[PDB]
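See below for the structure under consideration.
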Amino acid sequence: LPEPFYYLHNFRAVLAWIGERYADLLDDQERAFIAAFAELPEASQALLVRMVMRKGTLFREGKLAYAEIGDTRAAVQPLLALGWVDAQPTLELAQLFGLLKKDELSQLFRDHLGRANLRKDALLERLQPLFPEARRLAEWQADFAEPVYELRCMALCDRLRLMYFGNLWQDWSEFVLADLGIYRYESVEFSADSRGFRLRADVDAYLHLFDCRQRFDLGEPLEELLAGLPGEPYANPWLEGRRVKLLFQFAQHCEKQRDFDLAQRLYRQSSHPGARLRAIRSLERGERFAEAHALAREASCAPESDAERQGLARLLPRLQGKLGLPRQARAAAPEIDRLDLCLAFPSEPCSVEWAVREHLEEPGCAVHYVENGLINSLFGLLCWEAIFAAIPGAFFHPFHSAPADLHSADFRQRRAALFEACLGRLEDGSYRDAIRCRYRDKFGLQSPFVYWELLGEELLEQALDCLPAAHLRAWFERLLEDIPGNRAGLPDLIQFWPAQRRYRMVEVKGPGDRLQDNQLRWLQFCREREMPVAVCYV
DNA sequence: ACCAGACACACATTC
DNA sequence: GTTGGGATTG
DNA sequence: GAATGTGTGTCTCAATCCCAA
């Protein structure tokens with residue numbers, strides 16, 4: 001706010017950061033850009049950044065009025081000289097529609113339209129075949145008096161951004177939102193040589209998978225698209241999971257479009273969690289039962305998760321039935337406590353969960369609604385110094401909500417000493433007070449576990465009295481077995497009876513919902529450790 | 001935290 | 001004359 | 001009719017402004 005050229009300073013900051021830490025990852029023509037950019041006049045740098053930050057790559061001169069930069073047609077000149085911006089670009093009929101207003105376009109294509117008022121997209125559809133070729137604005141309308149500037153250095157800028165944040169989903173608005181105190185991140189003191197990418201060849205791989213996904217959302221035929229993907233897996237951990245997550249989605253699309261034979265073959269090329277299970281169910285829907293049974297038996301011998309185990313638990317008997325085999329006695333597990341209500345006639349538009357909490361209200365009993373919120377936050381506070389540890393590779397810029405290696409399978413190990421030191425506080429008295437200090441110190445900070453908006457002061461200290469430390473262990477341990485797989489699945493409500501220092505937690509279900517798989521996995525968990533849980537059926 | 005997951009809801013399918 | 005979606009704002 | 005499987009709608013800072021309706 002206090003500096004009119006704040007956006008340019010942020011852009012300069014990224015450029016300098018790139019120059020320091022990612023110098024070897026940068027190529028010849030890219031080094032030339034950063035050098036050339038600094039030699040530009042201040043108002044020319046500013047105008048360029050504006051176009052880079054804004055949605056399009058095409059801009060009307062009228063839509064480029066900025067008081068701090070002054071005359072735009074003048075400031076754009078050093079950019080036209082470098083060829084970074086292009087007046088007189090050639091425009092498809094589809095993108096000319098994006099630049100002009102509806103009334104302007106109706107005037108132009110007057111001798112090709114009826115008297116009927118159509119929507120803008122309708123006009124585009126009618127006129128698209130009559131003008132399939134692209135052409136200069138002067139060739140569209142010679143009477144046009146506004147110059148339209150095309151930004152021609154957008155790809156280089158994306159790479160710059162992709163190197164700064166370890167991704168492309170974050171953009172330059174992080175700087176503003178952080179400065180305005182709308183986003184407050186934990187400040188991890190990381191090395192001067194902490195890296196997003198370590199080598200340029202991996203950056204190109206990221207961009208490729210990005211565009212593969214891009215063309216996929218653009219309805220481009222998978223047959224061609226698949227030939228774009230690499231045969232052998234990527235050597236890099238992040239990149240392999242992405243290549244494999246992409247393969248997983250192609251098979252999802254194939255399966256939904258009733259092509260189970262391709263979907264199967266694709267699911268098996270993927271190591272994405274749940275792919276192998278989808279491969280079996282696809283083989284089943286393709287009525288290739290013998291093959292589906294062979295893979296299912298292979299899976300059940302060495303399952304990838306407890307999630308796959310319960311998926312196989314339904315798949316296998318059904319598969320054995322379609323073959324000649326007899327089904328084996330699938331005797332169930334112990335049953336969590338049940339609690340029933342009368343589908344109580346709702347007062348106004350409202351939800352089932354909120355009503356149950358109102359009903360379970362009682363003098364000695366307070367009830368809250370905190371699905372996943374409560375336990376993830378309590379775990380987030382106790383292991384704050386562990387999660388935001390200055391592990392090399394974890395952090396490499398500001399604007400970090402979580403360490404980048406959060407989903408890695410050795411996330412716990414790299415901080416194994418720190419975690420035992422935090423959960424070690426859960427044995428002596430320190431944990432209760434340790435949480436209360438984090439809460440006051442770290443409040444508001446962006447984090448992957450703590451729900452500040454929901455963890456009110458009362459809910460906090462009510463939990464600290466009732467919830468047993470030995471219980472808090474078992475939960476925190478299960479999260480560390482598999483964070484992405486055990487982040488969710490916790491029951492709707494917790495209810496404390498603070499005076500008698502006991503808790504009981506409930507997941508409610510209306511007439512239009514049943515227990516999810518993961519929710520079932522946790523009720524089974526708490527049951528086996530004598531933890532007060534129950535399912536409320538309404 | 002690296003391109004959504006999470007959940008509740010709702011309507012097919014299959015012995 | 002009003003309303004809603006989206007982009008450009010900080 | 002149970003047990004299942006699959007398929008939807010919703011939600012990522014908030015006041016401003018241009019444009020399509």
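Each chain in the structure tokens gets a letter, A, B and so on, in the order shown; residues start at 1 in every chain, and ligands are counted from 1 in the order they appear.
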
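The neighbours of residue 256 of chain A here are the residues that come within 12 Å of it, using only C-alpha atoms (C1' of nucleotides) and leaving out any residue fewer than 5 positions away in the same chain; they are residues 249, 250, 251, 261, 262, 263, 264, 278, 282 and 285 of chain A; 6 and 7 of chain D.
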
*Give the residues of chain D that lie within 10 Å of chain A; count only C-alpha atoms (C1' of nucleotides), and format the answer as a list in words.*
residues 3, 4, 6, 13, 19, 20 and 21 of chain D

Filtering to N, CA, C and O atoms (P, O5', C5', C4', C3', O3' and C1' of nucleotides), could you give me those residues as a compact mmCIF listing (two decimals), in the first residue's frame?
# COMPACT_ATOMS: atom_id res chain seq x y z
P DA D 3 -26.62 -54.72 5.52
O5' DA D 3 -25.72 -54.76 4.20
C5' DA D 3 -25.45 -56.01 3.58
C4' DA D 3 -24.61 -55.81 2.33
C3' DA D 3 -23.45 -54.81 2.47
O3' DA D 3 -22.20 -55.52 2.33
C1' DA D 3 -24.78 -54.38 0.48
P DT D 4 -20.88 -54.80 1.74
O5' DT D 4 -21.14 -54.78 0.16
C5' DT D 4 -20.35 -53.92 -0.63
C4' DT D 4 -21.08 -53.46 -1.87
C3' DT D 4 -20.35 -52.35 -2.60
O3' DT D 4 -19.35 -52.90 -3.43
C1' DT D 4 -22.74 -52.12 -2.70
P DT D 6 -17.37 -48.38 -9.12
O5' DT D 6 -18.13 -47.06 -9.59
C5' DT D 6 -19.36 -47.16 -10.29
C4' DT D 6 -20.17 -45.89 -10.12
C3' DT D 6 -19.42 -44.60 -10.40
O3' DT D 6 -19.84 -44.09 -11.66
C1' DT D 6 -20.94 -44.41 -8.55
P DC D 13 -9.23 -17.33 0.38
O5' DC D 13 -9.71 -15.96 1.05
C5' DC D 13 -9.29 -15.63 2.36
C4' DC D 13 -9.47 -14.14 2.57
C3' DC D 13 -10.82 -13.62 2.10
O3' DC D 13 -11.47 -12.95 3.17
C1' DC D 13 -9.02 -12.38 1.09
P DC D 19 -16.02 -2.28 -20.35
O5' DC D 19 -17.00 -3.53 -20.55
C5' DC D 19 -16.45 -4.84 -20.57
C4' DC D 19 -17.55 -5.86 -20.33
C3' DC D 19 -18.75 -5.73 -21.27
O3' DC D 19 -18.78 -6.85 -22.16
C1' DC D 19 -19.41 -6.13 -18.99
P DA D 20 -19.96 -7.00 -23.24
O5' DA D 20 -20.97 -8.02 -22.54
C5' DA D 20 -20.47 -9.31 -22.20
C4' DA D 20 -21.49 -10.10 -21.40
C3' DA D 20 -22.79 -10.42 -22.13
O3' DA D 20 -23.27 -11.67 -21.68
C1' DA D 20 -23.27 -9.16 -20.22
P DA D 21 -24.14 -12.60 -22.66
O5' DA D 21 -25.54 -12.73 -21.92
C5' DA D 21 -26.42 -11.63 -21.92
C4' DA D 21 -27.21 -11.66 -20.64
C3' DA D 21 -28.71 -11.54 -20.85
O3' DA D 21 -29.35 -12.76 -20.44
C1' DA D 21 -27.89 -9.90 -19.23

Residues within 12 Å of residue 18 of chain D, please, as an mmCIF file with C-alpha atoms (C1' of nucleotides), in the first residue's frame. Count only C-alpha atoms (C1' of nucleotides); anything in the same chain fewer than 5 positions from it doesn't count.
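Result file selection-v3.cif:
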data_model
loop_
_atom_site.group_PDB
_atom_site.id
_atom_site.type_symbol
_atom_site.label_atom_id
_atom_site.label_comp_id
_atom_site.auth_asym_id
_atom_site.auth_seq_id
_atom_site.Cartn_x
_atom_site.Cartn_y
_atom_site.Cartn_z
ATOM 1 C CA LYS A 63 -7.456 -1.301 -20.360
ATOM 2 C CA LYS A 101 -17.568 -5.751 -26.270
ATOM 3 C "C1'" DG C 5 -19.861 -13.153 -12.974
ATOM 4 C "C1'" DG C 6 -15.456 -12.469 -13.416
ATOM 5 C "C1'" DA C 7 -11.123 -9.769 -13.501
ATOM 6 C "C1'" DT C 8 -8.209 -6.549 -11.876
#

*Quick one: DSSP alpha helix (DSSP H) residues in segment 344-408 of chain A, as a count of residues only?*
22

*asked:* For residue 188 of chain A, find every residue with an atom within 12 Å (counting only C-alpha atoms (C1' of nucleotides)), except residues of its own chain fewer than 6 positions away, and show them as number ranges by chain.
replied: A: 194, 384-403, 445
